[PDB]
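Input: a single structure, listed below in structure tokens.
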Amino acid sequence: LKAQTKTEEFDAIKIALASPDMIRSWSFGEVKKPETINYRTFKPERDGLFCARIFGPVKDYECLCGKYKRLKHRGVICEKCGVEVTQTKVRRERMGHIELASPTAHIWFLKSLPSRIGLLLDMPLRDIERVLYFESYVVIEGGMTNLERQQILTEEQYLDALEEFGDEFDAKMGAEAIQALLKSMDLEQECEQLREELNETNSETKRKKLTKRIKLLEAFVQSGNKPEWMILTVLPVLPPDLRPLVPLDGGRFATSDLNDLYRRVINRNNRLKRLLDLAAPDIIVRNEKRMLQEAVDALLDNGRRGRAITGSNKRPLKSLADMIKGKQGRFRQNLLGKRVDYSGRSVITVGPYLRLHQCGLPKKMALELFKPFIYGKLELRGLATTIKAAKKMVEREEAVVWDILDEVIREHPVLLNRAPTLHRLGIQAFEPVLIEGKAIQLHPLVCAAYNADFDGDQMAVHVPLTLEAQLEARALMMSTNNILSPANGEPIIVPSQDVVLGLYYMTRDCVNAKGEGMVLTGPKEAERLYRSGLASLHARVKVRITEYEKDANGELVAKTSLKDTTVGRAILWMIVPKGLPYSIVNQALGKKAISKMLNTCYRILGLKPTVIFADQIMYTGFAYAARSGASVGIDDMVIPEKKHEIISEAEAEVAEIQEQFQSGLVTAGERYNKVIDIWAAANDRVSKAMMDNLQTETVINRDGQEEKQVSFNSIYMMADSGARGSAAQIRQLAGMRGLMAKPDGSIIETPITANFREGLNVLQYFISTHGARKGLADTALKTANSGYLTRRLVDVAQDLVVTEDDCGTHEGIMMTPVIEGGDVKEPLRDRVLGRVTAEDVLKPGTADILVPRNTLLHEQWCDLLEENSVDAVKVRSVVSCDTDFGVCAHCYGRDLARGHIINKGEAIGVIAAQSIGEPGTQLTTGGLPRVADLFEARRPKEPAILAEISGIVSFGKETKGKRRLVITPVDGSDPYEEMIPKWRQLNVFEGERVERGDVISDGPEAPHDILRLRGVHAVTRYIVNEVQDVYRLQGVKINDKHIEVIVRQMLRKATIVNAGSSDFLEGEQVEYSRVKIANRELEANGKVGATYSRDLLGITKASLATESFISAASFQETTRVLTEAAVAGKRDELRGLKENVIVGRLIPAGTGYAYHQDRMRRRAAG
Amino acid sequence: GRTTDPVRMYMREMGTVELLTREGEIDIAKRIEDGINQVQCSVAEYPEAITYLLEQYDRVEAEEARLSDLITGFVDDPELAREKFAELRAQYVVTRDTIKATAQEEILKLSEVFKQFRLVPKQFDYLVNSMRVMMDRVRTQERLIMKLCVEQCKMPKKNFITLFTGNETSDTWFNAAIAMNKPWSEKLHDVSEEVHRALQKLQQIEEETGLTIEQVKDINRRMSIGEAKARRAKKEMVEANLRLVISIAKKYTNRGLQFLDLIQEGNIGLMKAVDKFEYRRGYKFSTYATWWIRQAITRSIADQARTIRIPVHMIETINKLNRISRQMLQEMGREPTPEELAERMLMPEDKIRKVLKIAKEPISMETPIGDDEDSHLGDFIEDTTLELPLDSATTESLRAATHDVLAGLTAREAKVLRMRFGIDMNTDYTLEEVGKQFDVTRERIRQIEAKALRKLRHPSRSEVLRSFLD
Amino acid sequence: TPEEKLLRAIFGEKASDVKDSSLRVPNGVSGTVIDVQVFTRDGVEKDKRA
Ligand SMILES: [Mg+2]
Ligand SMILES: [Zn+2]
Ligand SMILES: [Zn+2]
């Protein structure tokens, strides 16, 4: 089959240097004049930056002169002024060129940090520039006389050398010289000679540089690039419409700066040509050449020499490099953002009536949004003659169109998004409900996922146009399909505030209330008792209930009994579906328990019942909370009666210590510490006073004299339930608030003795102000830090996607409870949950396998593990996965918004990064910067040192600034001797044996070490446990998984030790390497296989290396990436997410994973 | 050191050149005179240079050219020209027949009269070019005859130049020197056929050019020398005078061109100044060159300094308006009304609006607006040349409409209506064309059209197409 | 274009040499007009309303 010629759907992309002829290929004509437009008739002057002949017709399908105006005439080149009449769009396409008189250096290859022309010629930059400016002469192909090939000479020196040797010696200057150098260069010979020289001499200094350079050279050879091309003969001109002259209001014009630049390059160029034909003196033509160099440089990339300024305006004119780079840090117009059709936004409101799967959509918004659908549907049923008439109909807002809109809306989800999108729940799909009014209504249960308050936050809507988008939205981005955080299996649909105050007030009990002690047949007549006003909502009562347990095999058991409960719990029970026990509603139902209700419901009955349950819980929560008449008065906040006395005694303490300072019994600092301690203790006292009084002081009577229970006071119920408020803020309300701190970090020794219930005076408020401002500043900053972190994270992961199904390795990490110093800072059950066993696990006795090799451990398996005493389970992790270029689903875990095992093709790196990043706002060496330090691998300030090798050690030599430590292995050779500075207090025992990785000193340790000495599992364990320490200290739930994938991406590269295929010390992919030595172990060489050493790269460092250059050009420094890729002729195959997003095709993950796979296998095949 | 910034590597490079003494100027100019006059005299000694001028003047009187395309005038009108050319022709027709010793005295005079003619620079250039090209023609045969012996047939160049000098035409060297029994002699036989046939053009040159191969080198060699001397001196002068250019360009700085652009154009001006200068008039070279340099500067600025090029008189006009606006600014205490400067200026005076508008410079499309954010002016300029989708849909629909309604008439009415308009066909057809294509012609066809339009006019048909006109 | 030409031929409409630039109240906003001002170039004849 004939392969093809014209447009197919392309794969990969290539980048390289451009030949003069190659540049001429693109060019459809030479621009010979600086002229733009005629100045009266605004038509393009021919052969100028804007030209109809070279580039294209000014108006569609029309010749410039106007002779051929007919759409029939097309491939015709006009006889008057040749313009092929074609759409004006081709003026956005067709390029041009300029033939430069003298050769010119391309600023990108001159000034890139490792100057390409420089290190290709093994010549310094300053020399090359000194030669370019005609400030000295340089030799080329010196022959055998007196002189080196790359040697530089002066005027007098060149003259003398010329007098001595006329021929068989050669020297030039300027651009032509450098081009002569590059053209004369023979890379192959250099290769041979350098290999020889590499072999002969042994010095680290010599052969390091030697091998680096030979590698560079052979790379450039394999590229297909010939060095001369770094010097520009021909200069391409960008299409006119990409730098337009287009008119404005008031008859004014506006144009891109490139014109101003290009024009210059033309003028000077032309002038230079003139200066040749007039036979000008050298001093002149030289100046003109330099000027041409400067102009071209300014055109390509401005700012690397002089920074030319635009006409009449100080602001420096934007060059082509600045066009490519873009701005707002690193953003390429895909990255910063892109405007999108079929969308909208507005202020959002509540809408509690909504089911969890829908959202209120303003009528007008839905009208303008679905407009094309409405047009098509109106004439589909024939209510409109034509599309025009349809427009007139909906524009008139005729009454009939609203129903048609009701039709086009029904099954057709819309995407809702909020401003700070962090995790994937920042965008969710909903079913539109047509609503009068201009505000968007959003289901309350979802308000948690968006982090959306009602204080005027706005949300944006997007319409899923294509069918695939409708089904993606409904089956993926749908609200009901994500009930669980991807970070941890806990429900994100958890009831927020009003609702939980509702259920809390519902199931609670006071000591004596109407209907106390009586008995009822069932919840129905319990509610019937309540609504009629006979029985109180909360009273201790026995009622018959029928609960269910599915504990049979897939089968619901039933049992009935008399339960001792309250009226409220009885009424609430009506909602609880099926197989849930009555035990769950029989408690007080706080925000914590009310969550575990939904959770258990999900892990038992499945999705649908959990959804409908949650909805019901919300509705009843709101209803009953409204019934409750909960409120807040000024007398709802109770100050301790003993406050003033505490203040007084604590006030005696300070004057005591003060009297002791007056008599010198105590030093100033010790005094300060003392007084501060007494005030702090006082604060604690008042807090634990008001806490007791506020909490238990309801003292009430049942049938006897008295009894006392937990208070029914409003603010207490609020803080206790988990609705809103907390012991700290309550403490600030009634008891005194804190001891503030002055800006320098010190803490004022006279706290705020008053509170908010009382008044604060001038001083106390002024002092509170600093705390406030620092609070706002700090939080607003930590937002940015979080964002930056997520950025680095997704950059380092991204393309990691579940690819294979099972790599099939027994490998994994040993999972134990975290067990820190006290009892169990986190259990085993949470650590191993939803993960998969590496190998079968024992009972205390054996040949009895409870869990069989690799099996998803769900709640039942973990509970079965809990029944038995098993303290340890080895678990497969994403870090140990044998699969190359991705993760097998078998190694990942089940975790998702769904409880089933992770799907094939879901992109895990991104969700991992998001999962780590979203909570980062809540984080407070320690803290968020501690996390950033961790993922960046950074060696700490005052690190410890670990024993290089096991065996008995001792101290050796003396004090030079290092007192040497000599290690003595039992069997093996001694020679390892480490130089440890002796002014650092040691740990290691002079007479004791130390295992490798022991403490030879104290302080934190660099994970590079932990990886090298302790091993891979050790280092990943250190990272995960430390970062998890940071997060868990703040109360943040993040599964170890995500952190583990981040870690895997950190360790992607390693450095070889042995040999037999590739180079010695190269940092390289362990995917590539391991697949190569697994390939080498058999066939090939029998075994030549090479040993490597795993390396640890920080996230920002690991994100640096990416095969795809289009990807790198996005988030890295654009200029350098483009150059550095362009020299090697690097060929980007795409294959990743970022690059495919940039080029605008299907993501090689998720829904798209089917396509790419089908394409990936078709590639490199029959 | 070198701070880059090419203004500096220029400033320091020219600063080396030492200022000219008042005597040195005259020395150099004298050198120029010497050099040029050499090439002029060398031209006078060429027969073809004369005969060419003759053949050209014979074409001038034959109305195949004009007197302006040949002479800029002599030392010293058409009559005087006619008789001067008669003089030239006269000395030519004498010198020609005297070639039989004594001839030289007249051949020297033949030059003199020819030297009275001041040629158009183009003509002189054509002459000199023709000479050097003729020398290329001589070189072809010299190198052919050289390589055919030395490189191919193995003969030393040492013995090759012996019978060469003085002759290089006749058979004295070719056929009488191969029998010399030298080691290189019998080897000359292999290539003989190729040398002696190529000798044709060689001996032909002495026919065309009227000079033996001897003189042909001499004359234009002397010419080369003269030219060289000339360029040498002139260059020297310019390089000496760069400082003046620098001093002049410092006036014109902000006019919208870069410093080095200015000084370069001015340098070109100085080059022209040296080219056209005559020291014999006693006019100082400084104040003479100043005008030329200033001319190059201003004339260049007018031409290339705008993103939109404007003719010179327009520019001067604009400036003229500015002048008035200056006095009238405070004179009126407010500013002259838009039509005020109009009466002050000669022309129709409503031109103030047009001229004042077109004179404005375009605004950088990168001009930042608001927030300091990446929103830049160009980001706000919408495409007005695009076509709304809400329309394109109606185009595609209207196709289905007229295509439907054209199936509603007779096939001949349909053919005639699809013909009378461009519907689904190239161009459209004149009613006579339609007649020839239909074989039924003229008024007849038009009638059908009417009735056709009539059938689509009264609605069953009309209800679908009527909704298209808003 | 051809079919537009046929359309005009049948319905005999003169497609104007003038396009409508008229200022119309932005979509959705509704109110009462409390004033109108007319600024004119010095020398151009003031229209009727002005
Ligand atoms: Mg808010
Ligand atoms: Zn034309
Ligand atoms: Zn795996």
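Chain labels follow the order of the structure tokens: the first chain is A, the next B, and so on; residue numbering restarts at 1 in every chain, and ligands are counted from 1 in their shown order.
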* To do: Show me which residues sit within 10 Å of ligand 2 when counting only C-alpha atoms and all ligand atoms, and put them as a PyMOL selection string.
  => chain A and resi 52-53+57+62-69+77-85
Next, the residues of the selection above should be written as a PDB file, in the first residue's frame with N, CA and C atoms.
```
ATOM      1  N   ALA A  52       0.596  41.023  -0.282  1.00  0.00           N
ATOM      2  CA  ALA A  52      -0.392  40.121  -0.852  1.00  0.00           C
ATOM      3  C   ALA A  52       0.256  39.102  -1.780  1.00  0.00           C
ATOM      4  N   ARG A  53       1.320  39.516  -2.459  1.00  0.00           N
ATOM      5  CA  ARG A  53       2.012  38.643  -3.397  1.00  0.00           C
ATOM      6  C   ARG A  53       2.732  37.515  -2.674  1.00  0.00           C
ATOM      7  N   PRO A  57      -3.899  37.287  -0.112  1.00  0.00           N
ATOM      8  CA  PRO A  57      -4.944  38.275  -0.397  1.00  0.00           C
ATOM      9  C   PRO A  57      -5.434  38.960   0.871  1.00  0.00           C
ATOM     10  N   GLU A  62     -10.186  37.009  -3.212  1.00  0.00           N
ATOM     11  CA  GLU A  62     -10.145  38.193  -4.055  1.00  0.00           C
ATOM     12  C   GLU A  62      -8.709  38.659  -4.289  1.00  0.00           C
ATOM     13  N   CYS A  63      -8.377  38.938  -5.547  1.00  0.00           N
ATOM     14  CA  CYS A  63      -7.052  39.443  -5.892  1.00  0.00           C
ATOM     15  C   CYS A  63      -6.871  40.854  -5.352  1.00  0.00           C
ATOM     16  N   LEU A  64      -5.621  41.249  -5.149  1.00  0.00           N
ATOM     17  CA  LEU A  64      -5.315  42.568  -4.617  1.00  0.00           C
ATOM     18  C   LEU A  64      -5.744  43.660  -5.595  1.00  0.00           C
ATOM     19  N   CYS A  65      -5.315  43.527  -6.849  1.00  0.00           N
ATOM     20  CA  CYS A  65      -5.606  44.524  -7.875  1.00  0.00           C
ATOM     21  C   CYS A  65      -7.106  44.608  -8.124  1.00  0.00           C
ATOM     22  N   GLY A  66      -7.790  43.484  -7.936  1.00  0.00           N
ATOM     23  CA  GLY A  66      -9.237  43.444  -8.018  1.00  0.00           C
ATOM     24  C   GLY A  66      -9.773  42.887  -9.323  1.00  0.00           C
ATOM     25  N   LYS A  67      -8.879  42.371 -10.160  1.00  0.00           N
ATOM     26  CA  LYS A  67      -9.278  41.876 -11.472  1.00  0.00           C
ATOM     27  C   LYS A  67     -10.112  40.611 -11.354  1.00  0.00           C
ATOM     28  N   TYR A  68      -9.637  39.659 -10.557  1.00  0.00           N
ATOM     29  CA  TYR A  68     -10.391  38.433 -10.345  1.00  0.00           C
ATOM     30  C   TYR A  68     -11.066  38.519  -8.978  1.00  0.00           C
ATOM     31  N   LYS A  69     -12.361  38.823  -8.962  1.00  0.00           N
ATOM     32  CA  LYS A  69     -13.116  38.859  -7.710  1.00  0.00           C
ATOM     33  C   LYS A  69     -14.004  37.639  -7.475  1.00  0.00           C
ATOM     34  N   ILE A  77      -3.003  32.574 -10.348  1.00  0.00           N
ATOM     35  CA  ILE A  77      -2.066  33.631 -10.009  1.00  0.00           C
ATOM     36  C   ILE A  77      -2.299  34.808 -10.957  1.00  0.00           C
ATOM     37  N   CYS A  78      -2.701  35.945 -10.396  1.00  0.00           N
ATOM     38  CA  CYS A  78      -3.055  37.125 -11.185  1.00  0.00           C
ATOM     39  C   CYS A  78      -1.897  37.620 -12.048  1.00  0.00           C
ATOM     40  N   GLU A  79      -2.207  37.992 -13.286  1.00  0.00           N
ATOM     41  CA  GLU A  79      -1.180  38.409 -14.233  1.00  0.00           C
ATOM     42  C   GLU A  79      -0.599  39.777 -13.893  1.00  0.00           C
ATOM     43  N   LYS A  80      -1.393  40.606 -13.219  1.00  0.00           N
ATOM     44  CA  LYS A  80      -0.966  41.954 -12.862  1.00  0.00           C
ATOM     45  C   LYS A  80       0.029  41.907 -11.711  1.00  0.00           C
ATOM     46  N   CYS A  81      -0.479  41.606 -10.521  1.00  0.00           N
ATOM     47  CA  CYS A  81       0.356  41.362  -9.355  1.00  0.00           C
ATOM     48  C   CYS A  81       0.018  39.960  -8.887  1.00  0.00           C
ATOM     49  N   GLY A  82       0.993  39.056  -8.924  1.00  0.00           N
ATOM     50  CA  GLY A  82       0.659  37.675  -8.664  1.00  0.00           C
ATOM     51  C   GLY A  82       0.193  37.543  -7.234  1.00  0.00           C
ATOM     52  N   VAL A  83      -1.083  37.208  -7.101  1.00  0.00           N
ATOM     53  CA  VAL A  83      -1.690  36.865  -5.835  1.00  0.00           C
ATOM     54  C   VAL A  83      -2.630  35.714  -6.137  1.00  0.00           C
ATOM     55  N   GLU A  84      -2.397  34.552  -5.547  1.00  0.00           N
ATOM     56  CA  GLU A  84      -3.333  33.467  -5.770  1.00  0.00           C
ATOM     57  C   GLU A  84      -4.555  33.721  -4.907  1.00  0.00           C
ATOM     58  N   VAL A  85      -5.725  33.804  -5.530  1.00  0.00           N
ATOM     59  CA  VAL A  85      -6.905  34.169  -4.760  1.00  0.00           C
ATOM     60  C   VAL A  85      -7.380  32.959  -3.941  1.00  0.00           C
TER      61      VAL A  85
END
```
* To do: Please check which protein, DNA or RNA residues sit within 6 Å of ligand 1, counting only C-alpha atoms and all ligand atoms, and write them as a ChimeraX atom specification.
  => /A:453,455,457
How would the residues just chosen look if you wrote them out with N, CA and C atoms as a short mmCIF file (atom, residue, chain, number, x, y, z; two decimals), in the first residue's frame?
```cif
data_model
loop_
_atom_site.label_atom_id
_atom_site.label_comp_id
_atom_site.auth_asym_id
_atom_site.auth_seq_id
_atom_site.Cartn_x
_atom_site.Cartn_y
_atom_site.Cartn_z
N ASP A 453 -18.16 28.74 50.82
CA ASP A 453 -19.06 29.37 51.77
C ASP A 453 -20.21 29.99 50.98
N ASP A 455 -21.05 33.25 51.43
CA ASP A 455 -20.82 34.67 51.68
C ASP A 455 -20.60 35.48 50.40
N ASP A 457 -19.30 33.70 47.37
CA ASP A 457 -18.49 32.91 46.46
C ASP A 457 -19.27 32.65 45.17
#
```
* To do: Please identify the residues whose atoms come within 8 Å of ligand 3, using only C-alpha atoms and all ligand atoms, and report them as a ChimeraX atom specification.
  => /A:806-809,876-878,880-883,887-892
Could you dump the residues just selected with C-alpha atoms as a PDB file, in the first residue's frame?
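Contents of the output file out-v4.pdb:
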```pdb
ATOM      1  CA  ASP A 806      -0.528  -7.154  37.405  1.00  0.00           C
ATOM      2  CA  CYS A 807       3.268  -7.002  37.243  1.00  0.00           C
ATOM      3  CA  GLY A 808       3.154 -10.001  39.568  1.00  0.00           C
ATOM      4  CA  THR A 809       5.801  -9.355  42.202  1.00  0.00           C
ATOM      5  CA  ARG A 876       2.370  -4.411  47.808  1.00  0.00           C
ATOM      6  CA  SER A 877       3.192  -0.769  47.092  1.00  0.00           C
ATOM      7  CA  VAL A 878       3.460   1.458  44.022  1.00  0.00           C
ATOM      8  CA  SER A 880       8.075  -1.600  44.471  1.00  0.00           C
ATOM      9  CA  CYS A 881       6.013  -2.305  41.336  1.00  0.00           C
ATOM     10  CA  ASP A 882       7.869  -4.310  38.688  1.00  0.00           C
ATOM     11  CA  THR A 883       5.940  -2.625  35.860  1.00  0.00           C
ATOM     12  CA  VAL A 887       1.953   1.201  37.876  1.00  0.00           C
ATOM     13  CA  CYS A 888      -0.009  -2.067  37.816  1.00  0.00           C
ATOM     14  CA  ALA A 889      -3.465  -1.823  39.413  1.00  0.00           C
ATOM     15  CA  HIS A 890      -2.583  -4.885  41.445  1.00  0.00           C
ATOM     16  CA  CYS A 891       0.200  -2.923  43.169  1.00  0.00           C
ATOM     17  CA  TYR A 892      -1.733   0.294  43.786  1.00  0.00           C
TER      18      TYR A 892
END
```
Write out, as a Markdown table, each residue of chain B that has an atom at most 7 Å from chain C, together with the closest pair of atoms and their distance in Å to one decimal, counting only C-alpha atoms, rows going by chain and rising number.
```
| residue | atom | partner | partner_atom | distance |
| --- | --- | --- | --- | --- |
| B:402 | CA | C:3 | CA | 6.6 |
| B:421 | CA | C:2 | CA | 5.4 |
| B:422 | CA | C:2 | CA | 4.5 |
| B:423 | CA | C:2 | CA | 5.2 |
| B:453 | CA | C:10 | CA | 5.6 |
| B:457 | CA | C:10 | CA | 6.5 |
```
* Which neighbours of range 112-117 of chain B fall inside 12 Å, counting only C-alpha atoms, when residues of the same chain fewer than 6 positions from it are skipped, and could you give them as a PyMOL selection string? -> chain B and resi 37-54+70-76+81+84-92+105-106+123-124
Residues of chain A that approach chain C to 12 Å or less, counting only C-alpha atoms: could you list each one with the shortest pair of atoms and its distance in Å to one decimal, rows by chain and increasing residue number, as JSON lines?
```
{"residue": "A:70", "atom": "CA", "partner": "C:1", "partner_atom": "CA", "distance": 10.4}
{"residue": "A:71", "atom": "CA", "partner": "C:1", "partner_atom": "CA", "distance": 9.6}
{"residue": "A:72", "atom": "CA", "partner": "C:1", "partner_atom": "CA", "distance": 11.8}
{"residue": "A:364", "atom": "CA", "partner": "C:28", "partner_atom": "CA", "distance": 9.6}
{"residue": "A:365", "atom": "CA", "partner": "C:28", "partner_atom": "CA", "distance": 11.7}
{"residue": "A:368", "atom": "CA", "partner": "C:27", "partner_atom": "CA", "distance": 11.6}
{"residue": "A:395", "atom": "CA", "partner": "C:27", "partner_atom": "CA", "distance": 10.7}
{"residue": "A:438", "atom": "CA", "partner": "C:28", "partner_atom": "CA", "distance": 11.2}
```
Set out as a Markdown table a contact list for chain A and chain B with a cut-off of 6 Å, giving each residue of chain A that qualifies its closest atom pair and distance in Å to one decimal, counting only C-alpha atoms, ordered by chain and rising residue number.
```
| residue | atom | partner | partner_atom | distance |
| --- | --- | --- | --- | --- |
| A:72 | CA | B:426 | CA | 5.8 |
| A:253 | CA | B:362 | CA | 4.6 |
| A:254 | CA | B:363 | CA | 4.6 |
| A:255 | CA | B:365 | CA | 4.9 |
| A:256 | CA | B:365 | CA | 4.9 |
| A:281 | CA | B:235 | CA | 5.6 |
```
* Find the spatial neighbours of residue 498 in chain A, counting only C-alpha atoms, within a cut-off of 8 Å - ignore same-chain residues fewer than 5 positions away - and output them as a ChimeraX atom specification. => /A:621-622,625,723
* Asked: Quick one: DSSP helix (DSSP H, G or I) residues in range 134-230 of chain B, as a VMD selection string?
  -> chain B and resid 134 to 152 171 to 174 186 to 189 192 to 208 213 to 230
Can I get the selection written as a PDB file, in the first residue's frame, with C-alpha atoms?
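part-v6.pdb, written as the output of this step:
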```pdb
ATOM      1  CA  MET B 134      37.726  41.219 -22.631  1.00  0.00           C
ATOM      2  CA  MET B 135      40.661  40.581 -20.289  1.00  0.00           C
ATOM      3  CA  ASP B 136      38.713  37.608 -18.920  1.00  0.00           C
ATOM      4  CA  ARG B 137      38.487  36.422 -22.540  1.00  0.00           C
ATOM      5  CA  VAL B 138      42.267  36.734 -22.933  1.00  0.00           C
ATOM      6  CA  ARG B 139      42.801  34.915 -19.626  1.00  0.00           C
ATOM      7  CA  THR B 140      40.665  31.972 -20.813  1.00  0.00           C
ATOM      8  CA  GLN B 141      43.030  31.301 -23.734  1.00  0.00           C
ATOM      9  CA  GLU B 142      46.205  32.047 -21.760  1.00  0.00           C
ATOM     10  CA  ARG B 143      45.196  29.492 -19.087  1.00  0.00           C
ATOM     11  CA  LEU B 144      43.847  26.969 -21.613  1.00  0.00           C
ATOM     12  CA  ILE B 145      47.099  27.048 -23.611  1.00  0.00           C
ATOM     13  CA  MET B 146      49.044  26.926 -20.297  1.00  0.00           C
ATOM     14  CA  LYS B 147      47.215  23.949 -18.704  1.00  0.00           C
ATOM     15  CA  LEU B 148      47.092  21.944 -21.954  1.00  0.00           C
ATOM     16  CA  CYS B 149      50.907  21.962 -21.883  1.00  0.00           C
ATOM     17  CA  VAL B 150      52.002  22.068 -18.224  1.00  0.00           C
ATOM     18  CA  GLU B 151      49.290  20.079 -16.384  1.00  0.00           C
ATOM     19  CA  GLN B 152      48.123  17.655 -19.100  1.00  0.00           C
ATOM     20  CA  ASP B 171      52.811  29.605 -35.197  1.00  0.00           C
ATOM     21  CA  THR B 172      56.418  30.500 -34.279  1.00  0.00           C
ATOM     22  CA  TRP B 173      55.889  29.101 -30.764  1.00  0.00           C
ATOM     23  CA  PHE B 174      53.378  26.305 -31.453  1.00  0.00           C
ATOM     24  CA  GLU B 186      57.369  15.469 -28.112  1.00  0.00           C
ATOM     25  CA  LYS B 187      54.741  15.545 -25.336  1.00  0.00           C
ATOM     26  CA  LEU B 188      53.178  18.687 -26.845  1.00  0.00           C
ATOM     27  CA  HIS B 189      51.734  16.646 -29.731  1.00  0.00           C
ATOM     28  CA  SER B 192      47.953  20.166 -30.340  1.00  0.00           C
ATOM     29  CA  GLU B 193      44.506  19.863 -31.986  1.00  0.00           C
ATOM     30  CA  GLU B 194      42.900  21.420 -28.885  1.00  0.00           C
ATOM     31  CA  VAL B 195      45.391  24.317 -28.507  1.00  0.00           C
ATOM     32  CA  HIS B 196      45.591  25.490 -32.131  1.00  0.00           C
ATOM     33  CA  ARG B 197      41.794  25.583 -32.578  1.00  0.00           C
ATOM     34  CA  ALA B 198      41.371  27.572 -29.357  1.00  0.00           C
ATOM     35  CA  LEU B 199      44.005  30.004 -30.671  1.00  0.00           C
ATOM     36  CA  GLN B 200      41.241  31.364 -32.954  1.00  0.00           C
ATOM     37  CA  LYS B 201      39.513  33.666 -30.440  1.00  0.00           C
ATOM     38  CA  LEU B 202      42.968  34.576 -29.135  1.00  0.00           C
ATOM     39  CA  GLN B 203      44.071  35.963 -32.519  1.00  0.00           C
ATOM     40  CA  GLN B 204      40.512  37.322 -33.015  1.00  0.00           C
ATOM     41  CA  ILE B 205      40.860  39.637 -30.015  1.00  0.00           C
ATOM     42  CA  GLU B 206      43.515  41.590 -31.970  1.00  0.00           C
ATOM     43  CA  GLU B 207      40.921  42.018 -34.708  1.00  0.00           C
ATOM     44  CA  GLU B 208      37.904  43.085 -32.613  1.00  0.00           C
ATOM     45  CA  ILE B 213      47.495  40.676 -27.016  1.00  0.00           C
ATOM     46  CA  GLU B 214      50.554  42.626 -25.812  1.00  0.00           C
ATOM     47  CA  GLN B 215      48.846  46.010 -25.299  1.00  0.00           C
ATOM     48  CA  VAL B 216      45.480  44.568 -24.158  1.00  0.00           C
ATOM     49  CA  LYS B 217      46.993  43.625 -20.788  1.00  0.00           C
ATOM     50  CA  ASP B 218      49.071  46.822 -20.424  1.00  0.00           C
ATOM     51  CA  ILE B 219      46.268  49.351 -20.953  1.00  0.00           C
ATOM     52  CA  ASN B 220      43.627  48.048 -18.536  1.00  0.00           C
ATOM     53  CA  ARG B 221      46.361  47.010 -16.099  1.00  0.00           C
ATOM     54  CA  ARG B 222      47.294  50.687 -15.906  1.00  0.00           C
ATOM     55  CA  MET B 223      43.555  51.304 -15.534  1.00  0.00           C
ATOM     56  CA  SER B 224      43.407  48.876 -12.595  1.00  0.00           C
ATOM     57  CA  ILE B 225      46.309  50.712 -10.967  1.00  0.00           C
ATOM     58  CA  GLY B 226      44.584  54.067 -11.367  1.00  0.00           C
ATOM     59  CA  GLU B 227      41.297  52.806  -9.949  1.00  0.00           C
ATOM     60  CA  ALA B 228      43.147  51.353  -6.968  1.00  0.00           C
ATOM     61  CA  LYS B 229      44.961  54.634  -6.272  1.00  0.00           C
ATOM     62  CA  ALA B 230      41.644  56.478  -6.443  1.00  0.00           C
TER      63      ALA B 230
END
```
